[PDB]
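Trainee: First portion of the complex, with coordinates as positioned in the assembly:
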Amino acid sequence: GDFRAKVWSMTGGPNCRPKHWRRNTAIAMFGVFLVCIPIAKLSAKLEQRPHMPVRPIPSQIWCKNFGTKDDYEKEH
Amino acid sequence: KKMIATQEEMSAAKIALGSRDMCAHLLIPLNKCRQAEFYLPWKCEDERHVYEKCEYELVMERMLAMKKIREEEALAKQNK
Amino acid sequence: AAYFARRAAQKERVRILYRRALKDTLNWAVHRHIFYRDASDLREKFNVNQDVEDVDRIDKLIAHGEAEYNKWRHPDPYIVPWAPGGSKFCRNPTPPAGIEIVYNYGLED
Amino acid sequence: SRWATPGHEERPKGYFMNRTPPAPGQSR
Amino acid sequence: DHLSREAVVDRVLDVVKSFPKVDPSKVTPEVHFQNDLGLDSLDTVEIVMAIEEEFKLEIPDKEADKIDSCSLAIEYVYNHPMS
Amino acid sequence: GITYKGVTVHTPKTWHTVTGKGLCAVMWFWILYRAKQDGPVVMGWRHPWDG
Amino acid sequence: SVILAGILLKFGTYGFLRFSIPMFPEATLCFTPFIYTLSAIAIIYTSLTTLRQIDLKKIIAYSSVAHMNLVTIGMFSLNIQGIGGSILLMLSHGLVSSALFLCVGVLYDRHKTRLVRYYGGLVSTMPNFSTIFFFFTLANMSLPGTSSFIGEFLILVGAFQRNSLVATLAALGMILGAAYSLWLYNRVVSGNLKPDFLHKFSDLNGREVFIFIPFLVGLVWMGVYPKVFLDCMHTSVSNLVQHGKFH
């Protein structure tokens, strides 16, 4: 309204219409995609698939932990 | 009706323990068809129809066994 | 005078009770056509007692009227959404006036 | 129009930690 | 958008013209329901309730009982920004 | 839209009317289709393996 | 208030862990139903008193009593989880209650009142304070992911393995502690402003935000990875539990 224009907030307050919201939205897109890259690499490193799939699956492209926990009487 | 699928075949087929009954020998072809066909209902109608008939046959058999037992509960009452 | 104010005050009680009993009739009827028949019936009672001139027997009819309304009231009355008690009441209301925001508070100097 | 016309906030509402910005060309 | 006083004036008068004891004429934006038209007070609260449904307003019972002329029914709706 | 004495009604958008009728028609057909394929089965008239 | 609640309160529980429990193992076992009863009563009763307080600082002060009596249940459980959880809750309380006393002081330095009735609606004028206040409100409710949940659950684990009744009464603070923390937050932050009492407002400045930063980092750091603390404690905790027995 009137006084809310003098109030700072992280989410922008009411009816937030930043003028350059498109370049900021696209810059925000890139940050998430750059954040996602280490996450995906760590995920692929950490996944454990003790069973071979019935058909080839997209996670056989980057994951190398298929059919590994066969020796279970050795896990510590 | 006699047991066909040995214990090893059921274990290798990873059949749920509740479906390791007399009709297990027909479930194995059915589940292999089901996985290969992404479990769509218009597929494997032939293996599904055969296995369902066996399971229908089993339940009727136990239903008839009780049909008998129920005819002897009254016999004891009619002679008591 | 005093009989004017006392009777006029009694007038207001009747008019409001008619207003409330008439709206609660629409709550129980829902449908418009059922509301026409039920509104006509409710009016006829207020007319049966409109001849009474014993100021005291009126205070007794009014009190009996409020008891009847409070007893047979609809448990879920209709409310305009923006009105008090409505579904939209106090949703995104306009800011109050007179609010000031202070900058540079609590500086070391 | 909300996707094809840019916004109107030339500068954000309020000030971060409620401190008035310094004079143009100056540092806090 | 807001509704012009003229738009209110047409509509509130249309509400009282429909009243059976009220013939189409002698209804100007100034007339009093119980005097010029010669109706009972119960007749007025039904008009107030039809004016309520016409603009979809919820008038508090106190303010509703004060409205006894078309001039009072006009000025209330015009003031109300939710009409 | 059309005005009838104060209260005006706007006609719905054409594709709203087309999709509504079409989706329910797709629904009615799918019901008739299914009822003829496995309707006797749920009635108990015949069994899936009958043949 | 920060020093009184965050450090001085810890001295009685520290004295129980350093002197009474290890030095007199036989007496500690005998008084365990007695400690369990007193702590359980304090948790239930003082939580309900907190519900009916109308002063901002009184609600936070009374909450501290219930948190500290849950600590005593943990240390007198005499196992790894109970004593380990009791130390973690002690540390967590010194951060959470300290941060909470800092939030109330932020409000008091500006408006000079502690009565909840005057406040309300503050989210529309001080959104930064409202967000920080909500986070420490959650940490005071022992929300999982916050530092206080780690100590709280570990104490309940250790109590359950000894007496299931005291662990049940102590778990009632999950319901009660939620009730007064959210009621406090909503009456101060939520709703509409009341310009007849307060009309001039300032959100946090640079010094107050910085003050809150290490409290947020510490609360998150313990809440998600308490291992850096538990690892450095378990050897001392283990020998405290074993003190006085040889089997």
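Mentor: Noted; the coordinates are in hand. Numbers count the residues shown, from 1 in each chain, chains lettered A, B, ... in the order given.
Trainee: Now do the same contact list for the residue lying closest to residue A:50 once chain neighbours are set aside.
Mentor: Once flanking residues are discounted, residue A:50 sits nearest to residue A:69: 4.4 Å by C-beta to C-beta, 6 or more residues apart in numbering or on different chains. For the C-beta atoms, the positions are set from N, CA and C on the backbone; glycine is no exception. By C-beta atoms under 8 Å, 6 or more residues apart in numbering or on different chains, residue A:69 lies in contact with A:48, A:50, A:75.
Trainee: What sits closest to residue G:191 if chain neighbours are left out?
Mentor: residue G:120 (4.6 Å).
Trainee: ok so, going back, looking at the contacts of residue A:69, which is nearest residue G:143?
Mentor: Taking C-beta to C-beta as the measure, residue G:143 lies nearest residue A:48 of the contacts of residue A:69, at 30.3 Å.
Trainee: I'd say that closest one and residue A:68 touch.
Mentor: Yes. Assessed by C-beta atoms under 8 Å, residue A:48 is found in contact with residue A:68 at 6.9 Å.
Trainee: sec struct for the closest residue to chain G within chain A, please.
Mentor: Across chain A, no residue is closer to chain G than residue A:9, which sits at 4.0 Å (C-beta to the nearest C-beta). Look at residue A:9: counting by DSSP: H, G, I helix; E, B strand; the rest coil, its state is coil.
Trainee: As chain H, please add this:
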Amino acid sequence: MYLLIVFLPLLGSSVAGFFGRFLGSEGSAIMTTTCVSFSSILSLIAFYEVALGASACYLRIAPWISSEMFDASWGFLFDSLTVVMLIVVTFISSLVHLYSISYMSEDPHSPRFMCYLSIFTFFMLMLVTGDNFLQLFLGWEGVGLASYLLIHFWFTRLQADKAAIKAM
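Mentor: This next block brings in chain H, placed alongside the chains you saw above:
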């Protein structure tokens, strides 16, 4: 890829919550919808590989509470039940994000609404994917929180504040 399923809605909520003053109503709407919808697509791929391909996924990030035998862990379990619930949660949430884009267009505080929507989604994912009772408890409480935040999203209304407290 399995970590991107759980943590994409968190990323979407983080951007809208912390940086909604730079994106506005339109930017925050696109940001939270895209991340949730991407997680929805990966969830469809996960349903194909775990349920249709019969290959379960086990993922262990780090310990949470390790105290003697107590072993709560940041660990994820993806079996047939999990990927069914992943599909339900991610698909419905993606639609509700799209639906809210125009349903809350006239609301003054849409970016906070979209942020709360995505944080609920992240906690629900943490509930269905956990491999231990404590991670499930974290999801259990988190969705209790996000529901509270969304029931009284119109904080000025007293009935919403009464309802949100009663829910919690």
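Trainee: again for the contacts of residue A:69, since chain H is there now?
Mentor: Counting by C-beta under 8 Å, 6+ apart, residue A:69 makes contact with A:48, A:50, A:75.
Trainee: one more time with 10 Å
Mentor: Going by C-beta atoms under 10 Å, 6 or more residues apart in numbering or on different chains, residue A:69 touches A:48, A:49, A:50, A:51, A:75, H:58.
Trainee: And the residue of chain F that's closest to chain G?
Mentor: Closest residue of chain F to chain G, C-beta to the nearest C-beta: residue F:7 (36.1 Å).
Trainee: Count residues in the vicinity of that residue, would you?
Mentor: When neighbours are counted by other C-beta atoms under 10 Å in any protein chain shown, residue F:7 registers 7.
Trainee: Dig out what it forms beta bridges with.
Mentor: Note on residue F:7: beta-bridge partners by DSSP bridges are residue F:4.
Trainee: neighbours around residue D:4, how many?
Mentor: 6.
Trainee: separation between it and residue E:33?
Mentor: Distance from residue D:4 to residue E:33, counting by C-beta to C-beta, to the nearest Å: 54 Å.
Trainee: Residue H:73 too?
Mentor: Residue H:73 sits 78 Å away from residue E:33, going by C-beta to C-beta.
Trainee: neighbour-wise, which of those two wins?
Mentor: Higher neighbour count among residue H:73 and residue E:33: residue E:33, with 25 against 17, using other C-beta under 10 Å.
Trainee: now for chain I:
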Amino acid sequence: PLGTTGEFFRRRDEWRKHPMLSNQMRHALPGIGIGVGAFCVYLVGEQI
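Mentor: Adding chain I to the chains above:
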């Protein structure tokens, strides 16, 4: 609507006779004819 109270409200409800606001039961089952028609065309198609 016999009494003056009822006669008033029906008079004010006289807009509720709107063409496309009334007789809504003939819209109760949209797509009923088209679905049946398609089922008819399919049923003939299955004969050959």
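Trainee: Take the contacts of residue A:69 again, chain I included.
Mentor: Residues near residue A:69 by C-beta under 10 Å, 6+ apart: A:48, A:49, A:50, A:51, A:75, H:58.
Trainee: ok, now how distant is it from chain E?
Mentor: Residue A:69 is 67 Å from chain E, where distance means C-beta to the nearest C-beta, to the nearest Å.
Trainee: ok, now residue F:21?
Mentor: Going from residue F:21 to chain E by C-beta to the nearest C-beta gives 32 Å.
Trainee: That residue: which element?
Mentor: helix F:14-43 (DSSP states H and E).
Trainee: Also residue H:18?
Mentor: Residue H:18 belongs to helix H:2-47 when assigned by DSSP H and E.
Trainee: hmm, back to that, what about the helix holding residue F:21, near chain H?
Mentor: No. If you take C-beta under 10 Å from any C-beta of the partner chain as the test, helix F:14-43 misses chain H, and the best it gets is 14.7 Å.
Trainee: same deal with stretch G:62-74?
Mentor: No. Judged by C-beta under 10 Å from any C-beta, stretch G:62-74 makes no contact with chain H; its nearest approach is 11.5 Å.
Trainee: Please give me every residue in contact with residue E:64.
Mentor: C:15-16, C:19-20, E:44-45, E:48-49, E:51-52, E:57-58, E:76.
Trainee: now do 7 Å
Mentor: Counting by C-beta atoms under 7 Å, 6 or more residues apart in numbering or on different chains, residue E:64 touches C:19, E:45, E:48.
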